[PDB]
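Below you'll find only one chain, the form deposited in one PDB entry, shown as structure tokens.
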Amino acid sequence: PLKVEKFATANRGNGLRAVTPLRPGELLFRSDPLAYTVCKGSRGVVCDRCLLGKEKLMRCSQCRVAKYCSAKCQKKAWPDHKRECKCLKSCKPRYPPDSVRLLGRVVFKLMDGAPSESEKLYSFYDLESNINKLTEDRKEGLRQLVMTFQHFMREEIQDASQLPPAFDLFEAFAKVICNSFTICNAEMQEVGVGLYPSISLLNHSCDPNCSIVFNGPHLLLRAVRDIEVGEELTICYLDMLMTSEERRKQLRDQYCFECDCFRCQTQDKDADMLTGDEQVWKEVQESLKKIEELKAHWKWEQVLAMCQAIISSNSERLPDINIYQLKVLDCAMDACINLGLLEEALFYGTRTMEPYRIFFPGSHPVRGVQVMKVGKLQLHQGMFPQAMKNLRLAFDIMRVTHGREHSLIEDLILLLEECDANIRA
């Protein structure tokens, strides 16, 4: 019996609404992807199948592009990799855009696969394309994606007889632009991209009542507020560390809508997010383009060097509530964790705690994981009472955002039992 249902909204197309009263932490839906792939920067760093990092991955001998953590993952991936393998090989050393590899997997799944549980509420065929709102600039970009797909797939797809009935590649890429989910690993790093068509019913809010979290490619949808029967379910499509101007640009450019929510009407939190000298934070925002690019490619030493040049600048510094400063602190913390600089990681991580409390209100999985990382860093350095406080807070958040069905909650229940025994001792 589903707790959610598809409905026609007044002015935001189709949506999902509650069938039954929902409480914070309630599991509403869970889905494997219709199709997914690893992202450009994580290719050959994480397993193509399970999206877990491993120092040495095994490569597909045929294409040498797909890489796996294990014989189990390589073998289990083969049916969904078989047809793209011929195309990735044939187009060596060209690697396609992530959207093109993703749509390849969509087409092979729809042609060769049994009906997907991912499409239970809503199918790829049903997805919003926003074709009547696309700008001429966007349409030109979509025409290039169509020709890129035609080139990439030529070994496996020669004509429309090898696409689903009346499948339109332009319309398919338009659907991918506004229905793609970025898959994060347990540590909330972007590692993949997938389509989850049932989950695609959820409309956006800058202050949502639901949250999604990934456990490998598996998506969990949870309530993070009380929700009444018939109330629309919403998620935030966007990173929380964004001003209303930045959200406006992304919701226009990617999603073709104007956000009417209270936060956008009032520029909620924009002033605090932009505190400090504007010349300095403009420079840090500019530097973050490179820092985030390096992070996406797991280049931790280069990330840390660029972040230290800002955090410990000889020139003017920013407050930690400035969102560009905060993103630099978080990138520096993760670089330090990966480089085993755990003292320096904890310095940066603790500085993010109050800004995260402000910018991730209520129960947000990004805050839950940040607090768990700081708790773990404290536990490693023998700060047992402070570690226990942070691991308990992480559990309070993550019982709502992750739940018992997420493997990270099992790992946190272990850190809590350990920290508790130390305190008992």
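Just so we're on the same page, rigid core means the largest C-alpha set that superposes within 1.5 Å between forms. Start at 1 with the first residue shown and count on from there.
Relative to its counterpart among 224 to 232 and 206 to 214, 224 to 232 has the higher mean temperature factor, C-alpha atoms as listed in the PDB entry.
For the pair 293 to 301 and 127 to 135, the mean B factor over Cα atoms is greater in 293 to 301. Taking the deposited Cα B-factors for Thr243, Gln189, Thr148, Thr350, the highest one is held by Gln189. Among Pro197, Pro164, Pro355, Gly276, the highest C-alpha B-factor recorded in the PDB entry belongs to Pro164. Looking at the C-alpha B-factors along this chain, the one for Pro385 belongs to the highest third. Per the PDB record, residue ranking by Cα B-factor puts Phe170 in the lowest third of the chain. Per-chain ranking of the deposited C-alpha B factor places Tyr255 in the lowest third. Ranked by Cα temperature factor within the chain, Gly368 sits in the lowest third according to the deposited record. For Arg404, the recorded CA temperature factor ranks within the highest third of the chain's modelled residues.
The form deposited in another entry exists for this protein as well; it is not shown, and the discussion that follows is about that form.
Candidate set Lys133, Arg317, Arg143, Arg248; criterion, C-alpha shift of 2 Å or more between the shown form and the other one after rigid-core fit; matching residue, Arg317. The rigid-core alignment places the CA of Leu416 2 Å or more apart between the shown form and the other one. After superposing the rigid core, the Cα of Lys54 is displaced by 2 Å or more between the shown form and the other one. Residue displacement note: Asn11 has its CA displaced by under 2 Å between the shown form and the other one (rigid core superposed). A shift of at least 3 angstroms pushes the Cα atoms of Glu292 and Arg317 further from each other in the other entry than in the displayed structure. In the other entry, the Cα positions of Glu405 and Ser31 lie at least 3 Å farther from each other than in the form displayed.
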